[PDB]
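Colleague: from the sequence below, what's the structure:
(4 chains, ligands or ions: 14)
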Amino acid sequence: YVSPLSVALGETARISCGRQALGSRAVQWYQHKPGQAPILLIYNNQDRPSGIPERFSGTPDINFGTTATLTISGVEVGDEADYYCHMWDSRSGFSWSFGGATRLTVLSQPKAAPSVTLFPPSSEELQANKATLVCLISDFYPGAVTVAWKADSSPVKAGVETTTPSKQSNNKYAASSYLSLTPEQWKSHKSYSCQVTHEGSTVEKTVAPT
Amino acid sequence: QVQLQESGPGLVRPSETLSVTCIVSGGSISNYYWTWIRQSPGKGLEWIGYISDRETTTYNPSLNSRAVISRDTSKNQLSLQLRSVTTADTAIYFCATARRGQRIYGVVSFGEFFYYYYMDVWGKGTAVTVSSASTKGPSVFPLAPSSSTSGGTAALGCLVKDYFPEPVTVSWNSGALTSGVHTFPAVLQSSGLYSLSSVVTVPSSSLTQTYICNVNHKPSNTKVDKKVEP
Amino acid sequence: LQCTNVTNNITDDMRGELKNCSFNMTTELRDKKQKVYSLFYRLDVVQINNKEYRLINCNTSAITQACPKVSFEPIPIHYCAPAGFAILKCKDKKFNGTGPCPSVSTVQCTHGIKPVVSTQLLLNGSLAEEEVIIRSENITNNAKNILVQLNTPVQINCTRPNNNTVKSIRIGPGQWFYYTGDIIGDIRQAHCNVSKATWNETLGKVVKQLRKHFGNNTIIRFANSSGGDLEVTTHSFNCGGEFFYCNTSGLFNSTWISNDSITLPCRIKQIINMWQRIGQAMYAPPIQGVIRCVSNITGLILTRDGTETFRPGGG
Amino acid sequence: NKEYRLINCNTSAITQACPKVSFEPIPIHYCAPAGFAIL
Ligand SMILES: *[C@@H]1O[C@H](CO)[C@@H](O[C@@H]2O[C@H](CO)[C@@H](O[C@@H]3O[C@H](CO[C@H]4O[C@H](CO[C@H]5O[C@H](CO)[C@@H](O)[C@H](O)[C@@H]5O[C@H]5O[C@H](CO)[C@@H](O)[C@H](O)[C@@H]5O)[C@@H](O)[C@H](O[C@H]5O[C@H](CO)[C@@H](O)[C@H](O)[C@@H]5O)[C@@H]4O)[C@@H](O)[C@H](O[C@H]4O[C@H](CO)[C@@H](O)[C@H](O)[C@@H]4O[C@H]4O[C@H](CO)[C@@H](O)[C@H](O)[C@@H]4O[C@H]4O[C@H](CO)[C@@H](O)[C@H](O)[C@@H]4O)[C@@H]3O)[C@H](O)[C@H]2NC(C)=O)[C@H](O)[C@H]1NC(C)=O
Ligand SMILES: *[C@@H]1O[C@H](CO)[C@@H](O[C@@H]2O[C@H](CO)[C@@H](O[C@@H]3O[C@H](CO)[C@@H](O)[C@H](O)[C@@H]3O)[C@H](O)[C@H]2NC(C)=O)[C@H](O)[C@H]1NC(C)=O
Ligand SMILES: *[C@@H]1O[C@H](CO)[C@@H](O[C@@H]2O[C@H](CO)[C@@H](O)[C@H](O)[C@H]2NC(C)=O)[C@H](O)[C@H]1NC(C)=O
Ligand SMILES: *[C@@H]1O[C@H](CO)[C@@H](O[C@@H]2O[C@H](CO)[C@@H](O)[C@H](O)[C@H]2NC(C)=O)[C@H](O)[C@H]1NC(C)=O
Ligand SMILES: *[C@@H]1O[C@H](CO)[C@@H](O[C@@H]2O[C@H](CO)[C@@H](O)[C@H](O)[C@H]2NC(C)=O)[C@H](O)[C@H]1NC(C)=O
Ligand SMILES: *[C@@H]1O[C@H](CO)[C@@H](O)[C@H](O)[C@H]1NC(C)=O
Ligand SMILES: *[C@@H]1O[C@H](CO)[C@@H](O)[C@H](O)[C@H]1NC(C)=O
Ligand SMILES: *[C@@H]1O[C@H](CO)[C@@H](O)[C@H](O)[C@H]1NC(C)=O
Ligand SMILES: *[C@@H]1O[C@H](CO)[C@@H](O)[C@H](O)[C@H]1NC(C)=O
Ligand SMILES: *[C@@H]1O[C@H](CO)[C@@H](O)[C@H](O)[C@H]1NC(C)=O
Ligand SMILES: *[C@@H]1O[C@H](CO)[C@@H](O)[C@H](O)[C@H]1NC(C)=O
Ligand SMILES: *[C@@H]1O[C@H](CO)[C@@H](O)[C@H](O)[C@H]1NC(C)=O
Ligand SMILES: *[C@@H]1O[C@H](CO)[C@@H](O)[C@H](O)[C@H]1NC(C)=O
Ligand SMILES: *[C@@H]1O[C@H](CO)[C@@H](O)[C@H](O)[C@H]1NC(C)=O
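Modeller: Numbers count the residues shown, from 1 in each chain, chains lettered A, B, ... in the order given. Ligands and ions are numbered 1, 2, ... in the order given. Provided below are the atomic coordinates:
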């Protein structure tokens, strides 16, 4: 499974590799973003492919006894991804499974107030005798928010479907919440308020039938 | 100098033959090694098998009883087939080119060396899901603006109602508009279907510019172009 | 013994060469026992038939280990005669080994002589002053071994790179056995090097003098040993404390007509029986660390077969 | 518990004396061979 690591922004990090070798090694260091194309940083302990910046480096085993640590100088927000450490040594055979995933985290990022937008059910969806209030949150950090629905003043607590926050291209987070209701209940209550609590701040968006 | 592009069905029934194809545009397929890797949710990524330039295959022992990899000569493509798939084979499949290096620590004559492999160039990746439920086409409903901030910047979007399975590709004006666009992760409703929404932030002075959202669901072969208007 | 391979994890070739063996053994108290494990070379154990094994010496002899303080490294020995007796040294540089010597001297003691027990290759011996000298009782008899003495020594580099460890285990009251504990680092093969060009040159100067008793035109060749016991068909010697047996097919593999370095794989023994009487066996206690010894090959023990072929040996 | 063991077991082998020899010391006169003397 995955093991966590926490590094400050701009400081150098040393990622430790598990299941260290018993003999001569030609290790591989792979960077994998969730769902994207994985990109290796190191194929031979020292060597890197063309295009990889000099910030990433791997420890050669110049004398037997050294461990494989992935050293990153000037850690930025884009370096936050999983890191796999493929291990090949003389004493062991064909290594099929990659090394344990290393969840790198870059602390001290600038927090962002959540950009919230509330959409009432569309006319064509109401034509289908269904309603889904859609509350979207974009461009916020850290990705830890709580969503609450309000009918006028009473909470809803029913028919709510919320996704875990997922990163976008802005290196901030994005999330969505769907409140499924019948058209009669949508027109029943005066207005509906989506409340997003981010850390100690709280943002409320209200929408009402025309 | 090599570009890889994965192509797969996205949905396969249980106990069948999953087939995916990786298209290569960079160079010849008989010069470098090639391999398949799969990323399953909740688990670390697994190395399943590889094919050499001399056309020799090797497979991971856990799935070697079920997997096979082939390489096309006329087409710059490499295919992967998996027999008798179950609910555990659902994953994002990546094709990758690989280079064979041998690491030597002693005398060449004695042996005392081993081959190590590394995958420098990868493909974008194709998602493959396994389920017995049939395919569903997405319903698209235009979420109109509220006429949202004080004035200038305002938000609109398109709601992709319940569908099956992932993913859904959403574009705007057939790719003409790119500023402020943001597509959000889908949600798995209790019905067993995914629903998403894609929004755009545009100035209120521009509001009509005839914004058309194009939704493509490959598993259902549905291309839906929907207009939005207040 | 209950024995397993040490899992090379590579192609299953030399897994038996070195083997992990667990067994029950006595302790300092008569009523209690202790179950322990060790590492045994392939050459010291034989199967039963499952993964059961047993020591080679059990069916044939009683076994005793050497005390770990005495060293098997040979040191010079000067042999001397008492009062009223003398040693006659012949100083002729072309002495055939038999017959009248014209220049004779007398001594009370010989020079420093190292008791090097070797086979097919004489190690750390004396050097011929000129040419290379060939000696045999009846050179025309193939049943008499041929002793070749060199004038230019050929250097040999022997090594076991396995970083072995010793494990002290109490067998009885006042008894501490020394097992092979573990192997630190890589598991490689013990082997010996000799420079190829020097060996070729010395083989040439050997055959030029061999032609003095068989003819200039007759073609002779060199091949490996023809068979017999282990100690005869191999280059057998004691390096660093442990007993090495090196395959010599890569040395005598040339046919010579009228007119970089090579390496030899070596295996390791520690259960050795005496070459005169079988019924007494010695266990060589394992030596810690990496073993490496450099020696001078200075002589050969060849055997004729009856063109001609020569095969080494001499047990 | 009340279990015990001999002191010599962990360190040495043990042998008992034969019960006929006496450890009582008796006089010893040390002497030199021919050609030597004691001062
Ligand atoms: C008795 O007789 C015996 C037989 O005659 C004799 O046996 C000899 O034993 C010794 C040891 O006991 C053996 O020595 C070993 O040699 C190994 C091989 O070294 C050769 O190969 C490497 C690698 O070659 C690749 O890379 C270069 C570029 O660097 C390319 O040009 C090559 O083409 C090749 O790359 C391609 O090909 C590969 C294979 O197809 C592909 O995989 C690859 O992708 C490419 O396509 C060369 O670099 C070596 O060159 C060096 O030596 C020459 C002379 O030959 C010198 O000019 C100069 O010094 C060169 O630097 C050589 O040609 C070694 O790997 C091995 O040493 C490693 O292992 C030990 C033990 O684990 C480590 O402690 C040690 O640190 C070494 O690790 C280094 O190297 C590896 C390999 O990359 C690294 O991964 C590792 O991190 C570390 O790198 C560090 O050091 C590098 C420099 O050394 C540096 O560049 C790095 O950046 C990093 O800092 C060991 O020395 C010897 O081979 C035996 N003899 C024979 C004939 O086999 C015995 O001695 C005799 N005597 C006795 C028993 O007493
Ligand atoms: C032929 O003679 C040579 C020397 O005359 C022998 O080489 C000697 O081998 C021994 C055992 O391998 C070496 O002893 C070791 O010395 C190192 C020194 O650092 C020490 O650390 C070890 O604990 C061990 O005592 C010895 O040094 C070495 N002599 C030289 C000059 O290097 C060789 O073994 C002889 N050949 C045969 C077959 O006996
Ligand atoms: C191996 O042979 C060489 C050459 O005969 C020996 O080197 C000689 O050693 C003697 C005695 O120590 C010296 O008097 C000579 O001057 C040395 N000559 C040279 C050229 O080095 C060497 O000692 C021999 N080694 C062994 C272990 O027998
Ligand atoms: C063989 O293994 C031993 C350990 O079993 C190694 O001994 C170490 O040597 C280094 C040398 O600086 C010391 O710092 C360590 O304290 C030693 N370890 C112990 C446990 O004593 C030895 O170096 C190895 N030899 C080879 C050739 O690999
Ligand atoms: C056996 O080992 C010795 C020493 O390890 C080798 O002799 C060395 O040769 C180099 C030549 O490059 C010299 O620079 C050193 O001074 C030599 N060492 C000594 C102690 O003289 C020798 O070449 C090896 N022989 C073989 C056949 O490999
Ligand atoms: C070691 O492996 C070899 C490989 O064929 C096998 O023949 C042998 O029985 C094995 N021995 C043990 C003790 O596992
Ligand atoms: C030691 O004796 C026990 C007796 O129960 C036996 O089970 C065990 O196999 C013996 N040890 C070995 C290595 O066979
Ligand atoms: C002891 O066993 C070995 C194993 O093959 C055999 O070669 C040898 O002849 C046996 N010795 C006796 C005396 O039975
Ligand atoms: C050795 O040389 C001497 C010198 O004449 C000779 O008499 C003798 O026959 C030779 N013996 C052999 C076996 O060559
Ligand atoms: C040497 O051997 C041959 C046959 O092998 C024999 O005829 C001859 O008599 C032997 N030489 C001596 C001196 O006995
Ligand atoms: C062999 O060659 C030598 C030259 O060193 C020569 O003196 C001798 O006469 C030759 N022998 C014969 C039989 O021709
Ligand atoms: C020695 O090596 C040769 C080839 O290198 C091989 O044919 C022969 O069988 C080997 N001898 C032994 C005893 O292993
Ligand atoms: C022995 O010589 C033959 C002929 O040159 C060669 O083919 C073979 O490889 C040699 N073997 C060894 C062990 O040197
Ligand atoms: C044996 O036991 C005694 C009891 O204290 C202890 O002093 C002594 O060191 C032990 N001997 C050994 C070799 O451990």
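Colleague: touching chain A at all, stretch B:41-60?
Modeller: Yes: using CB under 8 Å from any CB of the partner chain, stretch B:41-60 reaches chain A at B:43-47, B:60. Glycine gets a C-beta too; all of them are placed from N, C-alpha and C.
Colleague: residues near residue 194, how many?
Modeller: Since no chain was named, I'll use chain A. For residue A:194, the neighbour count with other CB atoms under 10 Å in any protein chain shown is 25.
Colleague: oops, I was thinking of chain C
Modeller: Residue C:194: 20 neighbours (other CB under 10 Å).
Colleague: partners of the host helix or strand of it, with directions?
Modeller: Assessed by DSSP states H and E, residue C:194 sits inside strand C:191-195. Partners of strand C:191-195 in the sheet, by DSSP bridges, are strand C:146-172 (antiparallel), strand C:261-269 (antiparallel).
Colleague: next structured bit after the longest strand seen in chain B?
Modeller: In chain B, assigned by DSSP state E, the strand with the most residues is strand B:91-104. Sequence order places strand B:113-122 as the next helix or strand after strand B:91-104, per DSSP H and E.
Colleague: following the chain onward from that next one, which element is next?
Modeller: strand B:126-130.
Colleague: which strands and helices sit next to the next helix-or-strand element following that following strand?
Modeller: Counting by DSSP H and E, the next helix or strand C-terminal to strand B:126-130 is strand B:140-143. The helices and strands touching strand B:140-143, judged by 3 or more CB pairs under 8 Å, 6 or more residues apart in numbering or on different chains; DSSP states H and E, are helix A:123-127, strand B:153-163, strand B:212-217, strand B:222-227.
Colleague: how about 10 Å then?
Modeller: Using 3 or more CB pairs under 10 Å, 6 or more residues apart in numbering or on different chains; DSSP states H and E, the elements in contact with strand B:140-143 are strand A:115-119, helix A:123-127, strand A:131-140, strand B:153-163, strand B:194-203, strand B:212-217, strand B:222-227.
Colleague: re earlier: now, the residues of stretch B:41-60 next to chain A that are in strands?
Modeller: The strands, defined by DSSP E, take in B:46-47 from the residues of stretch B:41-60 next to chain A.
Colleague: buried ones among the residues of stretch B:41-60 next to chain A?
Modeller: Applying a neighbour-count criterion of 16 or more other CB atoms under 10 Å in any protein chain shown, the buried members of the residues of stretch B:41-60 next to chain A are B:44-47, B:60.
Colleague: distance to ligand 7 added to those residues, as CSV?
Modeller: Formatted as CSV, these follow (distance: CB to the nearest ligand atom, whole Å):
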residue, distance to ligand 7
B:44, 38
B:45, 42
B:46, 38
B:47, 38
B:60, 35
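Colleague: from the residues you listed, which two are the most distant?
Modeller: Spatial extent of these (CB to CB) is set by the pair B:44 and B:60 at 13.3 Å.
Colleague: now the common contact residues for the two.
Modeller: Common contact partners of residue B:44 and residue B:60 (CB atoms under 10 Å, 6 or more residues apart in numbering or on different chains): residue A:97.
Colleague: just checking, residue A:167 touches residue A:143?
Modeller: Yes: proximity of residue A:167 to residue A:143 meets the contact threshold set by CB atoms under 10 Å, at 7.2 Å.
Colleague: shared neighbours, those two?
Modeller: With CB under 10 Å, 6+ apart, residue A:167 and residue A:143 have common neighbours A:173-174.
Colleague: specify the beta-bridge partners of residue A:101.
Modeller: Per DSSP bridges, residues listed as beta-bridge partners of residue A:101: residue A:2.
Colleague: and the residue in chain B positioned nearest to ligand 4, how many residues sit next to it?
Modeller: Here the residue of chain B nearest ligand 4 is residue B:105; by CB to the nearest ligand atom that distance is 12.9 Å. If you count neighbours by other CB under 10 Å, residue B:105 ends up with 17.
Colleague: ok, now how distant is it from ligand 9?
Modeller: From residue B:105 across to ligand 9, the span is 51 Å (CB to the nearest ligand atom, to the nearest Å).
Colleague: who's in contact with that residue?
Modeller: For residue B:105, the contact set (CB under 10 Å, 6+ apart) comprises A:23-26, A:61, A:64, A:89-90, B:112-114, C:186, C:188.
Colleague: element containing the residue of chain C found nearest ligand 3?
Modeller: At 3.7 Å from ligand 3, residue C:296 is the closest residue in chain C, using CB to the nearest ligand atom. Assigned by DSSP H and E, residue C:296 belongs to strand C:289-304.
Colleague: quick one: that strand to strand C:261-269, angle?
Modeller: Here strand C:289-304 runs at 100 degrees with respect to strand C:261-269, directions being taken by axes from the mean of the first three to the mean of the last three CA atoms, to 10 degrees.
Colleague: what residues go with each domain of chain A?
Modeller: As given by CATH domains of a matching chain, the domain ranges for chain A are A:1-108, A:109-210.
Colleague: and the residue in chain B that ligand 1 sits nearest to, how far from chain C?
Modeller: Relative to ligand 1, the nearest point of chain B is residue B:101 (3.0 Å; CB to the nearest ligand atom). With distances taken as CB to the nearest CB, to the nearest Å, residue B:101 is found 17 Å from chain C.
Colleague: tell me the contacts of that residue?
Modeller: Per CB under 10 Å, 6+ apart, neighbours of residue B:101: A:26, A:43-44, A:47, A:88, B:114-118.
Colleague: state the distance from the residue nearest to residue C:159 when sequence neighbours are not counted to residue C:42.
Modeller: Excluding the flanking residues, the one nearest residue C:159 by CB to CB, 6 or more residues apart in numbering or on different chains is residue C:292, at 4.3 Å. Separation of residue C:292 from residue C:42 (CB to CB, to the nearest Å): 22 Å.
Colleague: which of these two has more neighbours?
Modeller: Neighbours were counted for residue C:292 and for residue C:42 using other CB under 10 Å; residue C:42 has more, 16 against 13.
Colleague: can you name the residues that contact the more buried one?
Modeller: By CB under 10 Å, 6+ apart, residue C:42 lies in contact with C:14-19, C:53, C:267-269.
Colleague: go again with 7 Å.
Modeller: Taking CB atoms under 7 Å, 6 or more residues apart in numbering or on different chains as the criterion, residue C:42 is in contact with C:16-19.
Colleague: up against ligand 4, what does the stretch 51-200 of chain C have?
Modeller: On the criterion CB under 6 Å from any ligand atom, ligand 4 has as its neighbours in the stretch 51-200 of chain C the residues C:163, C:165, C:184-185.
Colleague: for the chain, what spans make up the helices?
Modeller: You didn't say which chain, so I picked chain A. A:123-127, A:183-188 (DSSP state H).
Colleague: switch to chain C, please.
Modeller: So, for chain C - with DSSP H - the helices run C:196-214.
Colleague: which bits of it sit near ligand 9?
Modeller: Residues of chain C lying near ligand 9 (CB under 6 Å from any ligand atom): C:96, C:98-99, C:136, C:139.
Colleague: ok, so of those, who is nearest residue A:51?
Modeller: residue C:136 (73.1 Å).
Colleague: so that closest one sits against residue C:144, correct?
Modeller: Yes: here residue C:136 reaches residue C:144: they are 5.1 Å apart, a contact under CB atoms under 7 Å.
Colleague: more neighbours, the two?
Modeller: Neighbours were tallied for residue C:136 and for residue C:144 using other CB under 10 Å; the higher tally belongs to residue C:136 (18 against 14).
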